[PDB]
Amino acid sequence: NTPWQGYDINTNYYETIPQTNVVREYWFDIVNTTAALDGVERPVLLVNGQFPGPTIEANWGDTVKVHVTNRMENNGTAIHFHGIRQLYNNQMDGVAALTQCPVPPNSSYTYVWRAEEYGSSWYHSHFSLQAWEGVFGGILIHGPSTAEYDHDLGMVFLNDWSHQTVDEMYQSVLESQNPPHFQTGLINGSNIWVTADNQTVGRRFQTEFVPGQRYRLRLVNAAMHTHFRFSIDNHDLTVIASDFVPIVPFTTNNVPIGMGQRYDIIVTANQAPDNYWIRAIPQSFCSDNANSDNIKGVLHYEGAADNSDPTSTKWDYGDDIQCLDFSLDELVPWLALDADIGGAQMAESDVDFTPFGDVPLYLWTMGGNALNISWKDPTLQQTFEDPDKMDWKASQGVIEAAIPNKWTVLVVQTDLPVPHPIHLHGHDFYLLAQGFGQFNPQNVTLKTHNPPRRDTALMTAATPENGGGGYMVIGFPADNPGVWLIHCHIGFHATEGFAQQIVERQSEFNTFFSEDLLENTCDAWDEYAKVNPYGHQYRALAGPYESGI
């Protein structure tokens, strides 16, 4: 009686996709505008004048077709659909410098992809810091669920926020050893703001419950530099999926959610009819936010007082310091799959933060190098011009996975007391290990029996007082030819160099590749760069360094 009739929660979505014959077609203008999301006016870049951008909605098995037209004047654009597998469809992944040139003002790009997973994610620009000026929106793919509920509330975005744009902050961030500071936050694009005169402008997010009913909230952390704990005073939360992977449901009183990650939760309306605070609390070990305790929304029961703030108390779950994921034991995919890593290629990418040049600028290095690649010469252009290319520069940050279905096991490690959300394109990886301190190849234990599986996980780090450092280990099979970004999801870090490209099954790129799709946009882009100085990529060390993204 569903659009995926004949399939269900135990279907292996990596191997089988419902045939729906339906195409969901969107049209996205990327616009240069202003908004007062917490009652203070500021410039924003948005999809169709909205924040968050409109939700892309589809059923499992549909095809989605998104026309993106750049209506801005001084940025290119490219849209990435986060967590979408893009199996044999790498050129639709929307990564400038990898899969395409950026789309210039007054040009378009049509993304087409298959909904070959179900649950919750998001699309966002993958061009420089653009996603965090506002170019992002939900993806909501209907499908089976590991628990029942009554109403689907759709996306719930969590964002940090300042009244200066991230682009305005960037030069300061490049030149500083300290992490960036933000003034406030938004819950699905809303908050109040308290002015210097103690006026309240703006409006808080608010949602309304009927007593007894069960609600699905699809949380997404779209922040630039904040790891949050999300909670609802007095209400427990049943987690039912992490990223695009349904899991064995479990109940908790808060959700720790890093950048790029999603969790689906079911909240039952089982408390006294009242107003309760919804809280999105930046974790202070890796977030610096002036208003940690005032990024709140309002859960309003029918039967509660109207026009009246909650007086509920926060769940006493501990402190709001460390930046942590749910544990490996907590996240058990419903579809059980083992990490078959015998014969895997082993790699390690170290993470460091290093000064460069005379200023200096502080860049993040992954695998030994700050990524330094070219918007106008994308990796797929390089491999089209030279199919057997082997001369990768250190600055291209390459990791090869040349053999079909061979596993890679990648350890991402740091000595620094700084945790990072790692995102891999083109794949759900198997999260084998996450931990603190030094990585111990003799001692570490790798979880291979139905490990958590998802597309974004933290490289956790110890605090300075505990010696700093940490690591995560993922595995994935080479099941998807393409050039796939793996990088830190913090927009400032990635732009500063924290990224590597997986060159997967290079001899099979002609399986998906289209020179016309690449060159049309590349020619448009060069035409724009000839007339507009924002068309040239700044890659030197005395201005706003762009890794290529």
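Residue numbers here begin at 1 and follow the sequence given.
Across the two stretches, 110 to 118 and 437 to 445, the PDB entry reports the greater mean Cα temperature factor for 437 to 445.
Look at the C-alpha B-factors of 465 to 473 and of 417 to 425. On average they run higher in 465 to 473.
Of the residues listed, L45, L37, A499, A524, the entry assigns the biggest Cα temperature factor to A524. Within the selection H225, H80, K406, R218, the deposited Cα B-factor values reach their highest point at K406. The PDB entry assigns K314 a C-alpha temperature factor belonging to the highest third of its chain's modelled residues. Sort the modelled residues of the chain by CA B factor and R71 lands in the middle third. Ranked by Cα temperature factor within the chain, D479 sits in the middle third according to the deposited record.
When the CA B factors of the chain's modelled residues are split into thirds, the value for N188 lands in the lowest one. For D243, the recorded CA temperature factor ranks within the lowest third of the chain's modelled residues.
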